[PDB]
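Methodologically, a virtual Cβ is constructed for each residue, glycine included, from the backbone with ideal geometry; neighbour enumeration extends over all protein chains shown. Nothing in this text is a laboratory measurement; each read-out follows from the coordinates by a stated rule.
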Amino acid sequence: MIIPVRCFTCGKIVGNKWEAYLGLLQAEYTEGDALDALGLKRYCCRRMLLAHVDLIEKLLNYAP
Amino acid sequence: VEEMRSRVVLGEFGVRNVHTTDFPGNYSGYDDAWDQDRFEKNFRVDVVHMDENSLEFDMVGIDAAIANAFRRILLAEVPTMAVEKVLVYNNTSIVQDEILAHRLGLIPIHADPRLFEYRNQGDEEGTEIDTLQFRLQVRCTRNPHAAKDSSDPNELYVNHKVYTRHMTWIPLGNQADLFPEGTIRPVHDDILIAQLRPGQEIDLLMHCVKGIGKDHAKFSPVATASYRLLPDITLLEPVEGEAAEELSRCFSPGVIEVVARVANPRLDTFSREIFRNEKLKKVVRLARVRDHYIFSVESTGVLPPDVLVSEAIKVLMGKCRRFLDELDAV
Amino acid sequence: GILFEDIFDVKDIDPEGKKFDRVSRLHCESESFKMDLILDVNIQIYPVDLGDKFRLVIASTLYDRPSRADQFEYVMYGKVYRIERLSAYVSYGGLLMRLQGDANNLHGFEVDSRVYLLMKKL
Amino acid sequence: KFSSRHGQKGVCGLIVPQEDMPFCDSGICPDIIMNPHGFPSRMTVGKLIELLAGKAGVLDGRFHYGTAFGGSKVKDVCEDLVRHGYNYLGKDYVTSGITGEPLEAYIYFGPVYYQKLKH
Amino acid sequence: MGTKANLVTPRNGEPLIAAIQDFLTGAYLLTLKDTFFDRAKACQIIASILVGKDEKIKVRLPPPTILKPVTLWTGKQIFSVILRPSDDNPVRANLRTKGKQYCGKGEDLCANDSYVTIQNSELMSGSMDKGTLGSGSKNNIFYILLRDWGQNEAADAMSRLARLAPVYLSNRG
Amino acid sequence: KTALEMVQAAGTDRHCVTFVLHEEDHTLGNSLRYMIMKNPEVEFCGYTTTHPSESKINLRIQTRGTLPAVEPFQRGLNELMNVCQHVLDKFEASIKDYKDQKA
Ligand SMILES: [Zn+2]
């Protein structure tokens, strides 16, 4: 669906790091060091951006 | 003969000394029976690296039982304000109602607690001394100067994304004590709440309450409030002659100096790579000091982390004065 | 109050290979009494090595207020639980002791009775 | 009922608070403490590599292929934890949440794909 | 049809209600020869067994088995608190048996230490296998506590271990 | 009605009581257990949560002599409150020194 605004394990505010993350992947930035630019140190808050799929831009198409 | 009840020692298969083991009549010769002025002298707090939304102070000289209070108290017993009841009006978003109302819950709120009080009864109306209302009115259309492209910032973007900037503050009552950015909606103004397509609305009031973190984790004032004992690494044998730079890449990078000197042990993450070497694993015992830990508080942003810790100690003291006045009744 | 004492020479630090990280089972021999004993010793607190003369005293009682028998430097506490040249099996929680041989000097022992060790290096 | 992408399904027996749970050094308290007795009788060693291939995966910003009869081997995943300062088997030193003292043994630790299912 | 009555299956006479999985690997790791608890951890593991018909007993920690250089308990001495927590408890359990990975030679004195000897509900030697705690063996303690000392003491000592052994294992990891 | 004592026997024994502290958990128990175990006249202290469903711990104190199972408990809190008074002041004196050094 949409990005969950917390990490599930720690609860770092991670919902505000999606379009800032997608803005990084639009540039040259590799999948790895894009999350090091956003200040995601531990891996549990790193999987909330890495393993996330964004269905909400795809569902919107079928929702006039 | 020599007593390391003061270092946990990390083997290759287990962690050896672990429990505190320093109480009256455990270690003969040693009187350890809580001399108050002995604790008062051997204890200090060394603060390292406090910017906004972090803190890495030390607290050298307490047992790991009281230290596990301050980690735990920070995690789930320091109160904060968060959205609890989302009074929903017309909401035609594709995001479901509760999942919207749950995602409004996890947004942190910069209004500090201990200005407010708890919610006594059910009391769904609020009393402007308990609550803090927010409004969210987003209705997106097409902009008229949109080009023929399918770029969602360009076309269809009157308010395609409901950020937390769109939340505003309905001062409930006098609310003149707090200033204009005083209740800065969500501490982070970039949090994406939901997405919309033109013709869709989100209209909802919110209610914020003062909640313990153990009631629900959206009230948690801190991202992580963990701690870790300061490691100290002792080379039993002098290491030199290219085995030093072998031992350099074995540890964490900043920890070591090159002969081999253990320059700065505090930066060591416990990879435990020595035991893969089969030669240096007999050379150096790795250990962590028991009464010297490293706290690492990183707030979400409700209260600054130097006021989270001084509130965390303040409610443990209040938890024991709550019980000491029970014995005074009885 | 002493049940039994002599000087012992530990000969095999662990006879069948190290099985535990904190307890190694010693094999010793007495001085002129020839009492074999098979004693487990917590070696993290009290490390022992091969060929080390050490005293050993078995006492029913130790007599901080009554000023205990503390000239020795390793004291356990356990009960005798089997008497099988007599063997005399003592258990110290889990740490076994199989003091053996020449039943005339073993006379102080019984079954189901509390027994202290008081060891000391030399 | 949760399953675990290896047929080791399990009803969620207890829901502890977060502060009662064995955080590691970097702060990560777990989500789903799994019992280690599901392993030595079922012999699902493929689960034990997902906690390794996942944990090296998130730390590098990469999705590790574990396919059938191939995929990312352990001898190259394990030397990716070392670059990020982790144990080369994944067993991370935790300290217990309840008592505050460190745990006597290291604890395996990582992200594995838990799918909730319709029971 | 109570559980305190049907502890024993009618095919063999074996007990079916006994420890499973973690409790067995909890109590084996506790009664293993290497563990030593100080009065810090010893009164913490023991005081887990004080809720629910057990909160009204003066729980007697046994005197420690090391005194002089550091004083600390052993693991098996804390497992004896399961069989006899109070002072006025009338249970005296007795059991002598082989175990898994048996040493083959030597009765109880070999370093492998797989030979259980309980005297008067005090674990004197050996470690608690499945065959001394689990289901299917006619010489586990919960079967021995059943026949010799009624069935209330077997169900109590089984409901003591289920409370005690995870509290050790979750702090031993 | 938070703390409540549990008499060992109908006759009444003051050498061993069982404090039931309502609405709490290891956050206090494990920090009060430590500060009451450092008393030289307590032979047994320990706590247990009755159940994760309810919220209470069962501290049990057993002294040596004739300690009324309440005087270490009323000194377990008083030593802990004197700690949390001191560790707070050493904290706030150190943040105030760290911030000024950054200026
Ligand atoms: Zn996290």
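For chain A, what class follows from the C-alpha gyration tensor (a ≥ b ≥ c being the square roots of its eigenvalues): rounded when a/c is under 1.5, otherwise prolate if a/b is larger than b/c, else oblate?
Judged from the Cα gyration tensor, chain A comes out oblate (a/c at least 1.5, b/c at or above a/b).
Can you grab the distance from the C-alpha centre of the stretch F:45-103 to the C-alpha centre of the stretch B:2-74, Å, no decimals?
14
For every helix of n ≥ 4 consecutive DSSP H residues, a contribution of -39,500 (n - 2.57) applies; sum these over chain B, divide by its total residues, and give [θ] at 222 nm rounded to the nearest 500 deg cm²/dmol.
-5000 deg cm²/dmol
With the Cα gyration tensor of the stretch B:1-136 giving a ≥ b ≥ c as the square roots of its eigenvalues, does the rule (a/c under 1.5 for rounded; else a/b larger than b/c for prolate; else oblate) give rounded, prolate or oblate?
The shape class here is prolate.
Determine, from the Cβ-Cβ distance of A:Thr30 and F:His51 and an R0 of 45 Å, the FRET efficiency 1/(1 + (r/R0)^6), rounded to the nearest 0.05.
0.35
Please go through the stretch E:63-148 and write out the trypsin sites (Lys or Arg not before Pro) that DSSP classes as loop and that have at most 15 other C-beta atoms within 10 Å.
E:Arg92, E:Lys100, E:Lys105, E:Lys138
For chain B, please report how many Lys pairs fall under 25 Å Cα to Cα, leaving out neighbours fewer than 8 apart on the same chain.
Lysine pair count for chain B: 14.
Give me the distance in nm between label points sitting 7 Å out from Cα along the Cα-to-Cβ direction at B:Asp190 and B:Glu278, one decimal.
The answer from the label model is 4.9 nm.
Size of the dipole of chain C about the Cα centre, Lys and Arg at +1 and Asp and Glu at -1 on the beta carbon, nothing else charged, in debye to 20?
Here chain C has a charge dipole of around 260 debye.
Can you give me the orientation-averaged projected area of the convex hull built on the Cα atoms of the stretch B:236-290, in nm²?
Projected over every direction and averaged, the Cα hull of the stretch B:236-290 covers 3.7 nm².
Stick to Cα atoms and the Kirkwood definition of Rh, then tell me Rg/Rh for chain B.
On the Cα set of chain B, Rg over Rh gives 1.11.
Would you mind counting up the charge near C:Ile7? Only other residues with Cβ under 9 Å from its Cβ, with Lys and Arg at +1 and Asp and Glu at -1.
-2
Starting from the Kirkwood radius over alpha-carbon pairs of chain D, derive D by Stokes-Einstein at 37 °C in a medium of 0.692 mPa s and give it in µm² s⁻¹.
212
Most mobile of D:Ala56, D:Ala105, D:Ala68 per a Gaussian network model of chain D (Cα springs, under 10 Å)?
D:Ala68
How much mean residue ellipticity at 222 nm does chain F get from its helices, if each DSSP H run of length 4 or more adds -39500 (n - 2.57) and you divide by all residues, to the nearest 500 deg cm²/dmol?
Per the formula, -14000 deg cm²/dmol.
Which value at 222 nm does chain D reach when only helices count, each DSSP H run of 4 or more adding -39,500 (n - 2.57), with the total divided by all residues and rounded to the nearest 500 deg cm²/dmol?
-7000 deg cm²/dmol
Give me the one-decimal nm value for the distance between modelled label points at B:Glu245 and A:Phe8, 7 Å along each residue's Cα-to-Cβ direction.
My value for the distance between the label points is 4.5 nm.
At a Förster radius of 45 Å, what calculated FRET efficiency corresponds to the Cβ-Cβ distance of F:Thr12 and D:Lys118, to the nearest 0.05?
E between F:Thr12 and D:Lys118, to the nearest 0.05, is 0.20.
May I have the pair-distance distribution P(r) for the stretch B:116-256, computed from all Cα-Cα distances with 5 Å bins from 0 and rounded to whole percent?
Percent of pairs per bin, in order: 2, 7, 11, 12, 11, 9, 7, 7, 6, 6, 6, 6, 5, 3, 1, 0.
Hand me the GluC sites (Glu not before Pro) from the stretch B:38-123 located in a DSSP loop with no more than 14 other Cβ atoms within 10 Å, in residue order please.
Listed in order of number, the matching sites are B:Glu52, B:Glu117.
When only alpha-carbon atoms count, how far does the stretch C:4-122 stretch along each of its three principal axes, as whole angstroms with the largest first?
Sorted from largest, the Cα extents of the stretch C:4-122 read 37, 36, 27 Å.
How large is the dipole of chain A about the Cα centre if only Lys and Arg carry +1 and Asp and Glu carry -1, each at its Cβ, rounded to the nearest 20 debye?
For this selection, approximately 420 debye.
Return the sequence-ordered ³J(HN,Hα) values of the stretch E:83-95 in whole Hz as given by the Karplus equation 6.51 cos²θ - 1.76 cosθ + 1.60 applied to θ = phi - 60°, using x for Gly and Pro.
6, 8, x, 7, 8, 8, 6, x, 7, 10, 7, 9, 6
Find, among the trypsin sites (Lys or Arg not before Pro) in the stretch F:5-103, those assigned to loop by DSSP (not H, G, I, E, B) with at most 15 other beta-carbon atoms within 10 angstrom.
Within the stretch F:5-103, the qualifying trypsin sites (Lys or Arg not before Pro) (loop, at most 15 other Cβ atoms within 10 Å) are F:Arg14, F:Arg64, F:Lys102.
Quick check: pseudo-label points 7 Å beyond the Cα along Cα→Cβ at F:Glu5 and D:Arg62, how many nm apart are they?
Here the answer is 6.6 nm between the modelled labels.
Hey, what D do you get for chain F in µm²/s if you plug the Kirkwood alpha-carbon radius into Stokes-Einstein at 10 °C and 1.306 mPa s?
D, rounded to a whole number, is 104 µm²/s.
Please list 3J(HN,Hα) in residue order for the stretch E:58-68, calculated via the Karplus relation 6.51 cos²θ - 1.76 cosθ + 1.60 where θ = phi - 60°; whole Hz, with x for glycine and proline.
Whole-Hz 3J(HN,Hα) from phi for the stretch E:58-68: 7, 6, 9, 6, x, x, x, 8, 10, 10, 7.
Bins of 10 Å, beginning at zero and ending with the bin holding the largest distance: percent of Cα pairs per bin for the stretch C:57-122, please.
It works out to 20, 50, 27, 3, in whole percents.
Can you pull a Stokes-Einstein diffusion coefficient for the stretch B:186-281 at 4 °C (1.567 mPa s), Rh from Kirkwood over Cα pairs, as a whole number of µm²/s?
Answer, rounded: 69 µm²/s.
Using every Cα-Cα pair within the stretch F:18-67, state what percent have a distance larger than 14 Å.
48
Let's test this: bin the Cα-Cα distances of the stretch B:64-135 at 10 Å from zero up to the farthest pair and state each bin's percent.
Pairs per bin, as whole percents: 15, 38, 29, 14, 3, 0.
Between beta-carbons, use under 15 Å as the cut-off and find the net charge around C:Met35, counting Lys and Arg +1, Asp and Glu -1.
Result for the local shell: -2.
For the stretch F:60-103, what size does the Cα cloud have along each of its three principal axes, sorted from largest down, in whole Å?
If we take the Cα atoms of the stretch F:60-103, the spans are 57, 14, 11 Å.
Say a site is exposed when it is one of the GluC sites (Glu not before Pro), sits in a DSSP loop, and has at most 12 other Cβ atoms within 10 Å; what is then the longest site-free stretch of chain F?
Here the longest segment lacking exposed loop sites spans F:55-103.
Per residue Cα convex hull volume for the protein assembly as shown, in cubic angstrom?
Spread over its residues, the Cα hull of the protein assembly as shown gives 225 Å³ apiece.
If amide H atoms are built 1.01 Å from N in the plane of the peptide, which residues on other chains or at least 5 residues away come under 5 Å of the amide H of B:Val8?
Excluding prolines and chain starts, which carry no amide H, the hits are B:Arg288, B:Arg290.
Which of the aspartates and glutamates could a cross-linker bridge to C:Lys34, judged by Cα under 17 Å and excluding same-chain residues fewer than eight apart?
Straight-distance partners of C:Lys34: C:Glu5, C:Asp6, C:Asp9, C:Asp12, C:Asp52, C:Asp102.
For the stretch E:22-27, what does the Karplus curve 6.51 cos²θ - 1.76 cosθ + 1.60, with θ = phi - 60°, yield as ³J(HN,Hα) per residue in whole Hz, taken in order and with x for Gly and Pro?
Along the stretch E:22-27, the couplings run 4, 4, 4, 7, x, 6 Hz.
Once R0 is set to 51 Å, what does the formula 1/(1 + (r/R0)^6) return for the Cβ-Cβ distance between C:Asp21 and B:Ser151, expressed as a FRET efficiency to the nearest 0.05?
It comes out at approximately 0.20.
Just to confirm a number: summing +1 for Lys and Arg and -1 for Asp and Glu over residues other than D:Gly54 whose beta-carbon lies under 12 angstrom from that of D:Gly54, what do you get?
My count for the surroundings of D:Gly54 gives +3.
Let me know the shape class of the stretch E:23-172, please: from the alpha-carbon gyration tensor, a ≥ b ≥ c as square roots of the eigenvalues, rounded when a/c is under 1.5, otherwise prolate if a/b is greater than b/c, or oblate.
Judged from the Cα gyration tensor, the stretch E:23-172 comes out oblate (a/c at least 1.5, b/c at or above a/b).
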